[PDB]
Enquirer: 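For reference, the structure I am asking about is given below.
Each chain gets a letter, A, B and so on, in the order its sequence line appears, and its residues count up from 1. Computation of the quantities below employed the complete heavy-atom set of this structure, encompassing side-chain atoms and omitting hydrogens, waters and symmetry-equivalent molecules.
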Amino acid sequence: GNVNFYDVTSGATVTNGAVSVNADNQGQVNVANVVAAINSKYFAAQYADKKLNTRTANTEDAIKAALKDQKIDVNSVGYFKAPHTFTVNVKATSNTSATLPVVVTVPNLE
Amino acid sequence: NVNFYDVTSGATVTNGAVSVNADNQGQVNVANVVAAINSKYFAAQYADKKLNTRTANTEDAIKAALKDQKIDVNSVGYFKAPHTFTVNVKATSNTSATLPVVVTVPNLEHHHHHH
Ligand SMILES: NC(=O)c1cccnc1
């Protein structure tokens with residue numbers, strides 16, 4: 001009945017997530033690359049009747065909101081100066097909500 | 001890669017357990033054990049955000065468990081219930097998994113809070 005988050009590859013339910021994203025040599029990251037990393041690794045679904053019904057997460061919005069809470073601006077094409085780490089609260093809602101806290105690490109900052 | 005899952009929650013299960021009541025004569029029917037197990041647990045192969053259900057051999061597993069306990073089942077599926085026994089339910093892969101299920105018959109327990 002509830003939306004849960006799941007590991008894309010195993011299908012196991014998850015409560016906490018983590019991904020790594022490499023910055024470019026100038027320490028910049030694009031939001032679209034964070035979105036792709038998170039959404040490739042984790043998905044949301046409502047389970048019923050031996051079936052998973054996928055639900056869209058607000059990954060992009062969640063990333064920008066996490067960055068703004070760390071006082072990091074993103075430009076109109078999605079670039080920002082990355083911190084070493086930030087936590088994204090990825091949300092998916094039900095039809096009839098779940099939040100996955102995903103720690104993003106940017107490991108290659110000078 | 002085949003796993004067993006709880007029918008209602010969808011959570012993966014390693015070891016299952018069910019309770020099945022005997023009749024007044026202390027007999028249980030295989031069909032009631034089948035229904036108890038299969039109503040609660042199912043097998044599936046997970047891939048690509050999708051569950052692909054697989055058939056379990058529940059009835060055969062029950063009869064094999066009962067045979068190994070030297071418990072005879074009659075032609076209409078009735079047997080004299082032992083207190084608790086384990087059934088090894090199997091499902092096969094298309095690309096293969098066993099769920100041990102503990103079956104207990106509660107009307108035949110030696111200890112009980114009731115008076
Ligand atoms: N941990 C990760 O950065 C990650 C991202 C996507 C898939 N698998 C792992």
Enquirer: Quick one: donor-acceptor pairs between chain A and chain B, under 3.5 Å, side chains and backbone, table format.
Expert:
residue: A/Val8; atom: O; partner: B/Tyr46; partner atom: OH; Å: 2.7
residue: A/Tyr47; atom: OH; partner: B/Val7; partner atom: O; Å: 2.7

Enquirer: Quick one: do A/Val104 and A/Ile38 satisfy side chain to side chain contact (heavy atoms under 4.5 Å, CB included)? Show the steps, please.
Expert: CA-CA 9 Å; A/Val104 180; A/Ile38 292 183; 4.2 Å; yes
Enquirer: Would B/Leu51 and B/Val7 show up in the same hydrophobic cluster when neighbours are defined by side-chain heavy atoms closer than 4.5 Å?
Expert: yes
Enquirer: I want to check something: taking the side chain as every heavy atom from C-beta on, are B/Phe85 and B/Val102 in contact at a cut-off of under 4.5 Å?
Expert: no
Enquirer: Specify which of B/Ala11, B/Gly10, B/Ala44 makes the most heavy-atom pairs with chain A at under 4.5 Å.
Expert: B/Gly10
Enquirer: What are the two closest heavy atoms between A/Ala44 and A/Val3, and how far apart are they?
Expert: CB-CG1, 4.0 Å
Enquirer: Does the side chain of B/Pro82 come within less than 4.5 Å of B/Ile71's, by heavy atoms?
Expert: yes
Enquirer: What I'd like to find out is whether the side chain of B/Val30 reaches to under 4.5 Å of the side chain of B/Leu66, using heavy atoms alone.
Expert: yes
